[PDB]
Amino acid sequence: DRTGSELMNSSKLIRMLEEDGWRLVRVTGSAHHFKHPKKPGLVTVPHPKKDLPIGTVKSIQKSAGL
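Method-wise, the PDB entry is recorded as coming from solution NMR.

As recorded in the PDB entry, the protein goes by the name HICA, listed as coming from Burkholderia pseudomallei. Under the UniProt heading Sequence similarities (unreviewed entry), the note attached to the protein is "Belongs to the HicA mRNA interferase family."

See the structure below:
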């Protein structure tokens, strides 16, 4: 609930990130650091318990999907 470095996300689309083959290579309290063994991309989803819009997620999908 800040206005800086808000990478926090909570959405069903995070599950898609898992199903795409992204693996948690670095475990953190809230921030899940995912790496896909094919593309040089690192996706970090900090997942709290809260209804969060996909506004940041669709930005993640740019790195996670492309």
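1. Focus on the nonpolar core
Among soluble globular proteins, nonpolar side chains are generally buried collectively. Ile14, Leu17, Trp22, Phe34, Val43, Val45, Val57, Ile60 and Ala64 together form the largest nonpolar core, which totals 9 residues. Elements with a contribution of two residues or more to this core: α1 (13-19), β3 (42-46) and α2 (57-65). It is α2 that provides the largest number of residues to this core, a total of 3 residues.

2. Concerning the sheet that holds strand β1 (residues 23-26)
Strands sit in the order β1-β2-β3 across an open sheet of 3 strands; the sheet is antiparallel. The open sheet terminates on both sides in strands that have one partner only, identified here as β1 and β3. Taken pair by pair, the neighbouring strands of this sheet meet at an average axis angle of 45 degrees, ignoring direction. Pairing of β1 with strand β2 (residues 31-35) involves 3 bridges; the strand directions are antiparallel. Following the sheet pairing, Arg23 is matched in β2 by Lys35.

3. What to know about unusual backbone geometry
Phi is positive for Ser5, close to 65 degrees, though the residue is something other than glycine. The topology assignment puts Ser5 in the segment before α1. Taking relative accessible area as the criterion, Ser5 reaches 64% and is therefore assigned exposed.

Rules of the game
- Sequence positions are given from 1 along each chain as written, possibly unlike the numbering in the entry, and residues without coordinates are left off.
- Heavy atoms throughout the structure, all of them, feed into the side-chain values; hydrogens and water do not.
- UniProt positions are given in the numbering used here, feature names are shortened, and annotations may be inferred rather than shown by experiment.
- Residues enter a nonpolar core if they are buried and are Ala, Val, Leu, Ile, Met, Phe, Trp, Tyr or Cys, with the set joined through side-chain atoms within 4.5 Å.
- Relative accessible area decides the class of each residue, using a 1.4 Å probe on protein chains only: under 20% of the type maximum gives buried, over 50% gives exposed, and in between gives partly exposed.
- Comment: elements are numbered from the N terminus, with helices defined as DSSP H or I runs of at least four residues and strands as E runs of at least two.
- Criterion used throughout: strands pair if DSSP finds at least two bridges between them.
- Only C-alpha atoms enter the line fits that serve as axes; for helices the fit covers just the stretch in contact. Angles between N-to-C directions range over 0 to 180 degrees.

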